[PDB]
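Asks: Have a look at this one.
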Amino acid sequence: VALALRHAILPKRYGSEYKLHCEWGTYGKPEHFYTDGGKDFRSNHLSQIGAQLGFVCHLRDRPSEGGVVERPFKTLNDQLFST
DNA sequence: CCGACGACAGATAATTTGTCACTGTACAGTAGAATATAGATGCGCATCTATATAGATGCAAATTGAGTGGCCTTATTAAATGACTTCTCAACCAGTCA
């Protein structure tokens with residue numbers, strides 16, 4: 001989770017061996033971070049990251065509330081990985 | 001004259017393609033993993049074997065010292081040297097003489 005956070009927050013660079021034709025020009029710091037109840041997220045380490053970055057950790061009430069995280073995963077099975 | 005079939009042209013739904021709106025369903029930590037077997041290979045330990053004896057013994061020459069057995073001219077004389085044996089070893093009285 002700490003590694004996913006820094007890759008999300010920082011400006012992104014990829015070399016030509018990725019053959020990208022548009023830029024992932026996406027960066028900057030969240031105000032809030034919303035998650036399932038896994039021990040990665042409900043942890044002192046993410047609490048300390050959140051307090052130092054100033055973002056608030058929030059808990060997902062059901063799997064069916066977080067479809068914005070979950071649904072990237074079916075699309076990738078259907079558009080990428082099954083092929 | 002009446003009926004049937006082919007040429008050419010004309011109109012038409014089936015077929016295929018495209019577009020558009022509504023929808024069932026997967027995203028939700030998760031099958032590489034557990035549990036037998038045979039079959040080959042390697043290290044360890046025991047259980048023999050075959051060689052290698054030097055010490056002891058028996059025996060058979062090879063002298064070696066120590067025995068034993070068999071074969072031989074003689075009688076007189078003389079001298080020389082070395083020995084043995086035997087015998088003997090009185091003392092004063094009586095008759096002359098310068």
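By convention in this document, the chains of the structure tokens carry letters A, B, ... by their order, each chain's residues are numbered from 1, and ligands are numbered from 1 in the order they are shown.
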Just asking: which residues within chain A are alpha helix (DSSP H) according to DSSP, as a VMD selection string?

Replies: chain A and resid 2 to 9 44 to 53 67 to 76

Asks: Using DSSP on the backbone coordinates, identify all residues within chain A classified as strand (DSSP E or B); present the result as a PyMOL selection string.

Replies: chain A and resi 32-35+56-59

Asks: Tell me the residues of chain A close to chain B, meaning within 10 Å using only C-alpha atoms (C1' of nucleotides), as an NGL selection string.

Replies: :A and (38 or 62-64 or 66-78)

Asks: Just the selected residues (C-alpha atoms), exported as a PDB file, in the first residue's frame, please.

Replies:
ATOM      1  CA  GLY A  38      -7.882  -5.527   5.160  1.00  0.00           C
ATOM      2  CA  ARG A  62     -19.625  -3.437   2.028  1.00  0.00           C
ATOM      3  CA  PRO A  63     -17.718  -4.739  -1.072  1.00  0.00           C
ATOM      4  CA  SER A  64     -20.713  -3.431  -3.076  1.00  0.00           C
ATOM      5  CA  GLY A  66     -16.472   0.290  -3.516  1.00  0.00           C
ATOM      6  CA  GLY A  67     -17.278  -0.634  -7.131  1.00  0.00           C
ATOM      7  CA  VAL A  68     -14.902   2.130  -8.363  1.00  0.00           C
ATOM      8  CA  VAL A  69     -11.971  -0.021  -7.065  1.00  0.00           C
ATOM      9  CA  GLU A  70     -13.453  -3.417  -7.797  1.00  0.00           C
ATOM     10  CA  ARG A  71     -14.701  -2.839 -11.356  1.00  0.00           C
ATOM     11  CA  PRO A  72     -11.295  -1.883 -12.877  1.00  0.00           C
ATOM     12  CA  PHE A  73     -10.560  -5.539 -12.079  1.00  0.00           C
ATOM     13  CA  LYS A  74     -13.409  -7.086 -14.194  1.00  0.00           C
ATOM     14  CA  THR A  75     -12.626  -4.726 -17.110  1.00  0.00           C
ATOM     15  CA  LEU A  76      -8.948  -5.821 -17.050  1.00  0.00           C
ATOM     16  CA  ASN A  77      -9.963  -9.561 -17.123  1.00  0.00           C
ATOM     17  CA  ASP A  78     -12.221  -8.792 -20.124  1.00  0.00           C
TER      18      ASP A  78
END

Asks: Contacts of residue 42 in chain A at 12 Å or less, counting only C-alpha atoms (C1' of nucleotides), minus same-chain residues fewer than 3 places along, as a ChimeraX atom specification?

Replies: /A:1,33-39,45-50,56-60

Asks: Could you save the residues just selected, with N, CA, C and O atoms, as a PDB file, in the first residue's frame?

Replies:
ATOM      1  N   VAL A   1       0.821  -1.215   0.000  1.00  0.00           N
ATOM      2  CA  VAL A   1       0.000   0.000   0.000  1.00  0.00           C
ATOM      3  C   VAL A   1       0.854   1.263   0.000  1.00  0.00           C
ATOM      4  O   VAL A   1       0.536   2.178  -0.754  1.00  0.00           O
ATOM      5  N   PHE A  33      -8.765   8.780   1.778  1.00  0.00           N
ATOM      6  CA  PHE A  33      -8.450   7.462   1.228  1.00  0.00           C
ATOM      7  C   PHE A  33      -9.429   6.409   1.764  1.00  0.00           C
ATOM      8  O   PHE A  33      -9.550   6.219   2.971  1.00  0.00           O
ATOM      9  N   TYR A  34     -10.149   5.741   0.870  1.00  0.00           N
ATOM     10  CA  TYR A  34     -11.275   4.867   1.203  1.00  0.00           C
ATOM     11  C   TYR A  34     -11.004   3.415   0.802  1.00  0.00           C
ATOM     12  O   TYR A  34     -10.623   3.142  -0.336  1.00  0.00           O
ATOM     13  N   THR A  35     -11.177   2.476   1.733  1.00  0.00           N
ATOM     14  CA  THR A  35     -10.627   1.114   1.610  1.00  0.00           C
ATOM     15  C   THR A  35     -11.538   0.060   2.215  1.00  0.00           C
ATOM     16  O   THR A  35     -12.299   0.344   3.130  1.00  0.00           O
ATOM     17  N   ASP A  36     -11.404  -1.195   1.793  1.00  0.00           N
ATOM     18  CA  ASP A  36     -11.881  -2.322   2.589  1.00  0.00           C
ATOM     19  C   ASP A  36     -11.104  -2.457   3.905  1.00  0.00           C
ATOM     20  O   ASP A  36     -10.111  -1.776   4.156  1.00  0.00           O
ATOM     21  N   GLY A  37     -11.586  -3.347   4.759  1.00  0.00           N
ATOM     22  CA  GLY A  37     -11.061  -3.539   6.094  1.00  0.00           C
ATOM     23  C   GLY A  37      -9.835  -4.443   6.195  1.00  0.00           C
ATOM     24  O   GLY A  37      -9.554  -4.885   7.309  1.00  0.00           O
ATOM     25  N   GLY A  38      -9.101  -4.713   5.100  1.00  0.00           N
ATOM     26  CA  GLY A  38      -7.882  -5.527   5.160  1.00  0.00           C
ATOM     27  C   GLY A  38      -6.871  -4.967   6.131  1.00  0.00           C
ATOM     28  O   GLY A  38      -6.880  -3.749   6.363  1.00  0.00           O
ATOM     29  N   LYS A  39      -6.012  -5.833   6.658  1.00  0.00           N
ATOM     30  CA  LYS A  39      -5.013  -5.430   7.676  1.00  0.00           C
ATOM     31  C   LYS A  39      -3.946  -4.555   7.017  1.00  0.00           C
ATOM     32  O   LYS A  39      -3.137  -3.993   7.752  1.00  0.00           O
ATOM     33  N   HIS A  45       0.807   1.627  10.289  1.00  0.00           N
ATOM     34  CA  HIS A  45       1.670   2.172   9.236  1.00  0.00           C
ATOM     35  C   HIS A  45       0.882   3.084   8.298  1.00  0.00           C
ATOM     36  O   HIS A  45       1.309   4.222   8.036  1.00  0.00           O
ATOM     37  N   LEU A  46      -0.330   2.675   7.857  1.00  0.00           N
ATOM     38  CA  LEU A  46      -1.103   3.561   6.988  1.00  0.00           C
ATOM     39  C   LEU A  46      -1.637   4.767   7.767  1.00  0.00           C
ATOM     40  O   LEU A  46      -1.690   5.860   7.220  1.00  0.00           O
ATOM     41  N   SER A  47      -1.952   4.607   9.055  1.00  0.00           N
ATOM     42  CA  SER A  47      -2.333   5.738   9.918  1.00  0.00           C
ATOM     43  C   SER A  47      -1.224   6.801   9.962  1.00  0.00           C
ATOM     44  O   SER A  47      -1.498   7.994   9.867  1.00  0.00           O
ATOM     45  N   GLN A  48       0.031   6.399  10.116  1.00  0.00           N
ATOM     46  CA  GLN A  48       1.151   7.323  10.214  1.00  0.00           C
ATOM     47  C   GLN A  48       1.402   7.999   8.858  1.00  0.00           C
ATOM     48  O   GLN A  48       1.644   9.197   8.807  1.00  0.00           O
ATOM     49  N   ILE A  49       1.326   7.259   7.732  1.00  0.00           N
ATOM     50  CA  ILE A  49       1.382   7.827   6.377  1.00  0.00           C
ATOM     51  C   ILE A  49       0.258   8.859   6.238  1.00  0.00           C
ATOM     52  O   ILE A  49       0.549   9.996   5.866  1.00  0.00           O
ATOM     53  N   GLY A  50      -0.978   8.513   6.577  1.00  0.00           N
ATOM     54  CA  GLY A  50      -2.138   9.391   6.476  1.00  0.00           C
ATOM     55  C   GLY A  50      -2.010  10.649   7.326  1.00  0.00           C
ATOM     56  O   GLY A  50      -2.336  11.733   6.855  1.00  0.00           O
ATOM     57  N   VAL A  56      -7.290  11.430   5.376  1.00  0.00           N
ATOM     58  CA  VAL A  56      -8.075  10.688   6.359  1.00  0.00           C
ATOM     59  C   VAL A  56      -8.408   9.301   5.813  1.00  0.00           C
ATOM     60  O   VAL A  56      -8.873   9.168   4.679  1.00  0.00           O
ATOM     61  N   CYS A  57      -8.136   8.260   6.601  1.00  0.00           N
ATOM     62  CA  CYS A  57      -8.473   6.876   6.274  1.00  0.00           C
ATOM     63  C   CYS A  57      -9.949   6.573   6.565  1.00  0.00           C
ATOM     64  O   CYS A  57     -10.401   6.760   7.698  1.00  0.00           O
ATOM     65  N   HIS A  58     -10.686   6.048   5.590  1.00  0.00           N
ATOM     66  CA  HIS A  58     -12.107   5.736   5.710  1.00  0.00           C
ATOM     67  C   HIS A  58     -12.428   4.297   5.294  1.00  0.00           C
ATOM     68  O   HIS A  58     -11.887   3.763   4.328  1.00  0.00           O
ATOM     69  N   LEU A  59     -13.355   3.667   6.007  1.00  0.00           N
ATOM     70  CA  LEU A  59     -13.664   2.253   5.843  1.00  0.00           C
ATOM     71  C   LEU A  59     -14.936   2.046   5.010  1.00  0.00           C
ATOM     72  O   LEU A  59     -16.000   2.593   5.299  1.00  0.00           O
ATOM     73  N   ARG A  60     -14.799   1.227   3.975  1.00  0.00           N
ATOM     74  CA  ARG A  60     -15.850   0.720   3.098  1.00  0.00           C
ATOM     75  C   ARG A  60     -16.853  -0.120   3.882  1.00  0.00           C
ATOM     76  O   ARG A  60     -16.480  -1.029   4.604  1.00  0.00           O
TER      77      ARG A  60
END

Asks: Which polymer residues have any atom within 9 Å of an atom of residue 29 in chain A, counting only C-alpha atoms (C1' of nucleotides), with same-chain residues fewer than 5 positions away left out, as a count of residues only?

Replies: 6

Asks: I'd like to know which of A:79, A:20, A:12, A:3 is closest to residue 40 in chain A, using only C-alpha atoms.

Replies: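 Of A:79, A:20, A:12, A:3, the one nearest residue 40 in chain A is A:3, counting only C-alpha atoms.
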